[PDB]
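Asker: Sending over a structure as structure tokens; questions will come in a sec.
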Amino acid sequence: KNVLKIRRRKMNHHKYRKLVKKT
Amino acid sequence: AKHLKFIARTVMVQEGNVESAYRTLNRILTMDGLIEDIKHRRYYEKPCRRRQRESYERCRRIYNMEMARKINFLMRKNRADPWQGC
Amino acid sequence: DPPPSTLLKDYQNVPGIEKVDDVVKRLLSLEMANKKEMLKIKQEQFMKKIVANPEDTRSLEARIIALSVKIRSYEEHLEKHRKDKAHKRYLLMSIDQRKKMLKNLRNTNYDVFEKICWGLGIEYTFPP
Amino acid sequence: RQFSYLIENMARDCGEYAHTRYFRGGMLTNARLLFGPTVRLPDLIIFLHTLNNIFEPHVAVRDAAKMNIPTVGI
Amino acid sequence: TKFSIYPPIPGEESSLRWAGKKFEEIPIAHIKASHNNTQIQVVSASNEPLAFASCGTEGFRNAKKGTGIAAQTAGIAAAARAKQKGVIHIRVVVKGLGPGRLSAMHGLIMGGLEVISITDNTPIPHXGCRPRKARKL
Amino acid sequence: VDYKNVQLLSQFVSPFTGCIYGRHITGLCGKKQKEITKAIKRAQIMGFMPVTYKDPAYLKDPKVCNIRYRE
Amino acid sequence: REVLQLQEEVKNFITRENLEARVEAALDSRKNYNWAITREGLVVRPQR
Amino acid sequence: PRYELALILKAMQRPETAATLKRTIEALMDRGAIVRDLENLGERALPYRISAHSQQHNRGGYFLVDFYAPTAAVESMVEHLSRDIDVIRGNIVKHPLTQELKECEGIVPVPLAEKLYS
Amino acid sequence: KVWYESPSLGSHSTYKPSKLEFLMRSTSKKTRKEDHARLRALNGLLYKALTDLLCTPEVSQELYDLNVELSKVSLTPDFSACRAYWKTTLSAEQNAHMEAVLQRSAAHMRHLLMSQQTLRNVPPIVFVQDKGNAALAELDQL
RNA sequence: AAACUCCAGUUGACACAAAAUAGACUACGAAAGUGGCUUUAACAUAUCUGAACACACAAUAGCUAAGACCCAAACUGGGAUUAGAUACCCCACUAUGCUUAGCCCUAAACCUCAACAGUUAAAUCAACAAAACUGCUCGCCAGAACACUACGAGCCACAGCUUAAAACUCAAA
Ligand SMILES: [K+]
Ligand SMILES: [K+]
Ligand SMILES: [K+]
Ligand SMILES: [Mg+2]
Ligand SMILES: [Mg+2]
Ligand SMILES: [Mg+2]
Ligand SMILES: [Mg+2]
Ligand SMILES: [Mg+2]
Ligand SMILES: [Mg+2]
Ligand SMILES: [Mg+2]
Ligand SMILES: [Mg+2]
Ligand SMILES: [Mg+2]
Ligand SMILES: [Mg+2]
Ligand SMILES: [Mg+2]
Ligand SMILES: [Mg+2]
Ligand SMILES: [Mg+2]
Ligand SMILES: [Mg+2]
């Protein structure tokens, strides 16, 4: 199958980790 | 390093034919898997990749051996047409 | 543990075993065998001390005795091998299996349940 | 094909019909187009071999049932 | 007697001789055929060095060292210095699958040496050091 | 199959490289292929069998392996 | 039957008294575990 | 249990070899072993060079010791052999004749479908 | 079956690779999905057969000494010819000897290949010389 | 001559690293995992099912402390490349991969097939995967996204893990 649902979760978790890093 | 030398992987030259001696040695090292082993060892193959390739190599051999068996079996009838015209 | 001079369970009832050379007695004793052979002697000791029929190996009593001997072996194993997670699982699973057996023996035959607890030194506990 | 010649002669001798050749698509289910609107189809089809040369059922077995033709078959 | 590709075993009584010398007494030409270079050393049976030649010592530089013709030239150079010291027959021991693996042996022959045997000693670890990671190309 | 019977074990390794032959070359079954392999590995590291080559003493023993090498 | 067989073997077992004699009796002898197999499944004992 | 000690001794003269065997068999007895037999396999060239006790060896005397001992004696004997300077390499294995070989009817074929499925 | 496809309806059909079949074939007909497989695998069998003949002395003493190695063997789909490739040697003098013996051996080898009744119908084998840069040695000659 | 040289080749000595061939085998273990040799101990259960939390485990990465360090190698530095290259390519080297004792408790932890028992006759069956189903039990699910998120609580975890919404928004996903 495609990984489009994983890709959404992939970006969500990346942005979250980066937010925690900044703050 | 601790073994005796000039026994392993050693081929004698006959009548100065060094090309045929080298080809025999290369055939020996190839059949024992040493050439492919040396080549795969230049860069580290990761365990998930090694298992995948070994699984692919084992399944391809089975399919090729099974496809050869089928062709041999179904080539018995390759003889000329016994009932030509019918 | 049974003395090392104890004969193996298989050679204890052969006729004339007491008149053979001492060397032959050493070779047929626990001293020259693996630990599993010592556990068969222990199980036989408990079976004759506790159960009514020492030859009934399929009764709930014999199973509790057999499993209790295994549990003691695991405890000794883990005393020397404290990071052996595989056997720690086997120990805890065996303790749980024995508790289930004791539960069903207490429910069906209390008089025998009392002899099993006294004989094996088990302090039955009700679950939380 | 070992028996094509034998079967064609048996049909001719008894006054019946034989089809031992490559069976074309729609000989039975599309007979009016291939032969004509007034073509009469067989009332009985006798199979001396029910399988084709690739070891599958002869197409005429299914097509005979479609056209409500009784079949005798070895 | 029929020809045996298996070398004579030391301590046994063989009839093979080369200029009156036994297999155990023939000098050895050690060829290291790397991917980017080729090194050839001729030594005596007692481990005495007799001649050394490599593509780098023959004026080849950078990618030119990793060519067959560069190894062939190194073999000729090693043969010349070895022939002056009394070498005719040599046992060839080649380690590595570089481009100068076979060509280095050709140069030894053109230089006046007779190859009586070929031995591969390419190092194969039996399980050893982890090689460098695969390349993305 | 004993690890001390090096003559037998040597019949299932490569003469030139000492590599243990697969069962497709030796014709052995799974059980004996394993015993031979374990016997070879035991004999090698205990000081009975060489690892990198077949002992030349055993080169003239019966050839029971379906492998053709020379010229 | 196993105890009887074992009782006879113990007569040949090495002991502290007969240790020296058996040690020397071994240095004079040779035990060969080597034998080869054929394609027909026949054992080919060594030439000794 | 029944064990087999595969003993490679330094190439020595007959007197020193007998003293090493006696000293090795006595160590087994001191640890409770019942020694059954002693077999000489002969002096031969080692399959490879072995370094032992700051020395290099190319030949050795191969001996076997069949004996019974308690399970705890193996660890103690392995340690004893490591310190004997006349022992090149000594390994203690479970005697092969104890393991009884199971009968085999033959080679039953394996279904090809299982091979690729598995 | 495997990811390698084996669903063909005419899987029981008798594979008939002969020169006569090609002429009696529908011009519209095109090779099926698993039709190349039999060709790819039949060509590999020819490679196996030829390789054994070269290394076995019984076939020919001259051939055995040459120690020829087959680089490639690919039959033609027409069923009229077969392409076999052997690796050249450095010495052009040695190259002539190998080609000469192989050229005369091929005729006998074809009959030897007919001994394998499964591949009894073997088109004349074309022992092409390649893989050794034959045109590079030819250039040096000039 | 001479001594020096990071260096390279042959030979010898040499580890707290990793385990060609066998292995075309498909075994063992609850899973994770497990493929050099030896030995010791040793692989629960004479119904079945039974937990995000109880009990005990759990690759890799990571943390704490003390060691090892051949080789590999985040980061970092240097050399190229490129419009840019804090990438891909080349070189060097560190955390780290190893051992010991404690933690941490996550994986596309996936046969993407819950455990147990039974059937091959029925309709064979949305499709694909891996032939189609029955009995029984536990776990779980109820449009998408917000969301492997917020808050609460628990945790040797403190830029962490587990459990896990709502509002606004859309007619799809
Ligand atoms: K290994
Ligand atoms: K629950
Ligand atoms: K998976
Ligand atoms: Mg998002
Ligand atoms: Mg349960
Ligand atoms: Mg659970
Ligand atoms: Mg969880
Ligand atoms: Mg973990
Ligand atoms: Mg760590
Ligand atoms: Mg480091
Ligand atoms: Mg490094
Ligand atoms: Mg997994
Ligand atoms: Mg469940
Ligand atoms: Mg929702
Ligand atoms: Mg997560
Ligand atoms: Mg969270
Ligand atoms: Mg919180």
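Chain labels run A, B, ... following the order of the structure tokens; each chain numbers its residues from 1, and ligands are numbered from 1 in the order shown.
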Name each residue within 12 Å of ligand 15, counting only C-alpha atoms (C1' of nucleotides) and all ligand atoms, as a ChimeraX atom specification.

Answerer: /A:9-10,12-14,16-17 /J:105-107,148-149,160-162

Asker: Using only C-alpha atoms (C1' of nucleotides) and all ligand atoms, which residues have at least one atom no more than 12 Å from ligand 14? Output them as a list in words.

Answerer: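 Based on only C-alpha atoms (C1' of nucleotides) and all ligand atoms, ligand 14 is surrounded within 12 Å by residues 141, 142, 143, 144, 145, 146, 147, 165 and 173 of chain J.
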
Asker: Give the residue list for ligand 6 at 12 Å, counting only C-alpha atoms (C1' of nucleotides) and all ligand atoms, as a PyMOL selection string, sorted by chain and then by residue number.

Answerer: chain J and resi 30-31+50-57+114-115+138-139

Asker: Could you give me, as a ChimeraX atom specification, the residues within 10 Å of stretch 53-67 of chain D, counting only C-alpha atoms (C1' of nucleotides) and dropping anything in the same chain fewer than 4 positions from it?

Answerer: /D:1,22-29,41-47,49,71-73 /I:9-14

Asker: Keeping only C-alpha atoms, write the selected residues as a tab-separated table (two decimals), in the first residue's frame.

Answerer:
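Everything below was put into selection_35.tsv:
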chain	number	residue	atom	x	y	z
D	1	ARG	CA	-5.27	-36.56	-33.74
D	22	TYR	CA	-9.78	-27.16	-34.43
D	23	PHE	CA	-13.15	-26.18	-33.01
D	24	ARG	CA	-13.76	-22.54	-33.91
D	25	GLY	CA	-15.34	-20.15	-31.45
D	26	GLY	CA	-19.11	-20.03	-31.75
D	27	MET	CA	-19.72	-23.00	-34.05
D	28	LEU	CA	-22.64	-23.93	-31.78
D	29	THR	CA	-23.51	-20.70	-29.93
D	41	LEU	CA	-27.74	-27.89	-35.37
D	42	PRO	CA	-26.95	-31.40	-34.13
D	43	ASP	CA	-29.52	-33.25	-32.06
D	44	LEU	CA	-26.82	-35.37	-30.37
D	45	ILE	CA	-23.08	-34.80	-29.94
D	46	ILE	CA	-20.91	-37.85	-29.22
D	47	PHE	CA	-17.50	-37.18	-27.68
D	49	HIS	CA	-12.48	-37.66	-26.34
D	71	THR	CA	-23.93	-35.24	-25.20
D	72	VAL	CA	-22.56	-38.78	-25.13
D	73	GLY	CA	-18.95	-38.88	-23.99
I	9	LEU	CA	-3.76	-22.22	-18.74
I	10	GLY	CA	-1.77	-24.31	-21.20
I	11	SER	CA	0.84	-25.25	-18.62
I	12	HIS	CA	0.48	-28.91	-19.65
I	13	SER	CA	1.12	-28.14	-23.33
I	14	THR	CA	4.17	-29.87	-24.79

Asker: Please check the contacts: residues of chain B at most 12 Å away from chain F, using only C-alpha atoms, listed as an MDAnalysis selection string.

Answerer: chainID B and resid 1:14 17 19:35
